[PDB]
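Quick setup: one chain, the form deposited without 6-fluoro-1,3-benzothiazol-2-amine (FBB), written in structure tokens, and binding and motion questions come after.
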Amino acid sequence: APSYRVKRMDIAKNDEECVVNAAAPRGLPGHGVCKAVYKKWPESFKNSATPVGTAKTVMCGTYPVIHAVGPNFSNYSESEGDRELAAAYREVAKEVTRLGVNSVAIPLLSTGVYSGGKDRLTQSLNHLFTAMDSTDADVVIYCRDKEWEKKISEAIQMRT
């Protein structure tokens, strides 16, 4: 039965059937998660650029990389940013369904450098749940911060 889990580790080392990239705009290698994805699955960046609020899947071999471009809250208002963040996750759920995969590795979109200097764990996680609750896939959320793992883990347990 479909679950949610959280792991504090590099998503480029995930054990799931596909990976969501916290993609930088313009198809660029970016920083953080995006850069790790670029180093592990560079061929997935061929023609990967996609607008803020959307997702685009490129295969690396037969492994799907879902490039999801969340808004950068240094450039978006809070209301417009929230709408595009919600929409990016929606498009992730649509791609996961289309691919038919049994599991997916996801990072929290629009946190870190695309956060507008704000803690957006809860905002981004709740959009993740809303979108992925609509799918059948096992979801494994990948973070790096130890306090975030705790908070994510608590949220996962509050809905079981």
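The first residue of the sequence shown is number 1, and the count goes up from there.
The next section is about a form of this same protein that is not shown, the form deposited with 6-fluoro-1,3-benzothiazol-2-amine (FBB) bound.
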The one option of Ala36, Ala105, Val52, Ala93 with any heavy atom within 4.5 Å of 6-fluoro-1,3-benzothiazol-2-amine (FBB) in the entry with it bound is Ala36
Heavy atom of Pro42 within 4.5 Å of 6-fluoro-1,3-benzothiazol-2-amine (FBB) in the entry with it bound: no
Would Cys143 show up as a contact with 6-fluoro-1,3-benzothiazol-2-amine (FBB) in the entry with it bound if we use heavy atoms at 4.5 Å? yes
Find out whether any non-hydrogen atom of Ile11 is located within 4.5 angstroms of 6-fluoro-1,3-benzothiazol-2-amine (FBB) in the entry with it bound, and reply yes or no. yes
